[PDB]
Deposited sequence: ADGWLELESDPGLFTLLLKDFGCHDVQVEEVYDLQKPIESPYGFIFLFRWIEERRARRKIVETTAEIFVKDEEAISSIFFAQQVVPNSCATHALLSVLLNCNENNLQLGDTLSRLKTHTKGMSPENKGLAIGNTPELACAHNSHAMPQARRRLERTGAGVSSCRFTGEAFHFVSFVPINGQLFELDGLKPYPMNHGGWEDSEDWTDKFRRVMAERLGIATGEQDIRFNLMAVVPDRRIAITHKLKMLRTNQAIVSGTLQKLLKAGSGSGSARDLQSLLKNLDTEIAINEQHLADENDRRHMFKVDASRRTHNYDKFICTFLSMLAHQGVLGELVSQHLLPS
C-alpha cells in the first residue's frame, strides 16, 4: 500500500514501459476499430472511465496468474503483467525480472502475487520513471483497467479489483473473434480505451525484409549468371525479380513508417517526463532582461 506514481494512458507509454521491464518482443497499440484485423495478439487491455461465470476454485485461480492490485496506482503495470505472464514460451521471451516474477509466483494466492508485483524494485522504478512531474508533486478520476487473455482454449477476463477471475470463454473453428463477441456484448467515446498487446511490428517487418532481400539476391544472381552465360528463356526469373522488388519497396516503406512512429513514442516520453519549470523561469527572465517581455505580455493578457 506504499503507492506508485500515476501514469498517462498512451500506447507508446505502455510500449516503452514493457521495454523497460526487459520484455523486448512486445508492443502496445490502440484499437480504434474493433472489427479491423489484428495479427497474433497476446491479449487486450480495456480501460474504462466515468461510468456507474466466475472461476471460484481456490486451486484454479492460483494455477493461473491472477494477481490482485494491492499497490494503488499500479493499474497499467498490473494489466500489462496480467496479459504477459499468462503467455507461454513459444512466442515471446519475458524479461529476466518478469520471468523471475513468474516463477516466483507459481502457486500463490492472488493477494501474494499482487504483493510480489508491488515489492519488485525493478517494476516500481520502471513504472515511476514514466510519471509526469505533476504526478510526483501531487503525490504530496483515473482509468480502470481490465485484461483479456486466452489461457487454455478459454478466454479469461482478469480484473485486479475483483475477487475472482472471470472465465467466459470457448470457441470452435480464433480467440480474437470470441473476444470481439464478448466486447460487442458489453459495448469514438472518451470513457473507453482499448489496446492490443502485439508482437513488435518493427521486428516482423525487419525479418520480412531480410527474407525478401535474400530471395531477391538469389534470383538476381541466377538471372545475371544466365544472361552472362548467354538455350532457355528468362521471362519467369525477371517476373519473380520484379515482384520481389515491389514487395521490398512496400516493406521498406512499412519499416520507415514504424520507425518514425517509434521515434514519436520516444519523443513523447522524453517530453512527458520533463520538468519545464527551470526552462520557463529562465526563458521569462531572459525575455525581461532583453527588454521585450513587456510588449509580449501586453499582447497576450488573458481576457477578463
Which runs of the deposited chain sequence never show up in the coordinates? 53 to 66, 155 to 167, 201 to 202, 217 to 222, 266 to 267
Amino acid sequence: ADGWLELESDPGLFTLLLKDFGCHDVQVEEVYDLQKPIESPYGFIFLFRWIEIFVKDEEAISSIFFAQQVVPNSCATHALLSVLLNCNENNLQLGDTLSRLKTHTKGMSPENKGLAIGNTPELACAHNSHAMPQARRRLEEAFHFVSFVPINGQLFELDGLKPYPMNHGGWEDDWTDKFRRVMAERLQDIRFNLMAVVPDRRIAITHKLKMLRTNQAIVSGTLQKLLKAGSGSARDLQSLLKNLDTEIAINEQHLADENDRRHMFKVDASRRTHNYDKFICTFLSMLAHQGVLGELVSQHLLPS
From here on, numbers count along this sequence of modelled residues.
Pick between 146 to 154 and 114 to 122: the one whose mean CA B-factor in the entry is higher. 146 to 154
Quick note on 199 to 207 and 162 to 170: per-entry mean CA temperature factor is higher in 162 to 170
From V71, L85, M132, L92, can you pick the one with the highest C-alpha B factor in the entry? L92
Candidate residues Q35, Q238, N259, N275, the one whose C-alpha B factor the record puts highest: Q35
On the chain's distribution of Cα B-factors, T246 falls within the third called middle
C-alpha B factor of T214, ranked within the chain: lowest, middle or highest third? lowest
Ordered by C-alpha B-factor within the chain, which third holds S298? Give me lowest, middle or highest, please. lowest
In terms of the CA temperature factor given in the entry, to which third of its chain does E59 belong: lowest, middle or highest? highest
Which third of the chain holds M183 when residues are ordered by C-alpha B factor: lowest, middle or highest? highest
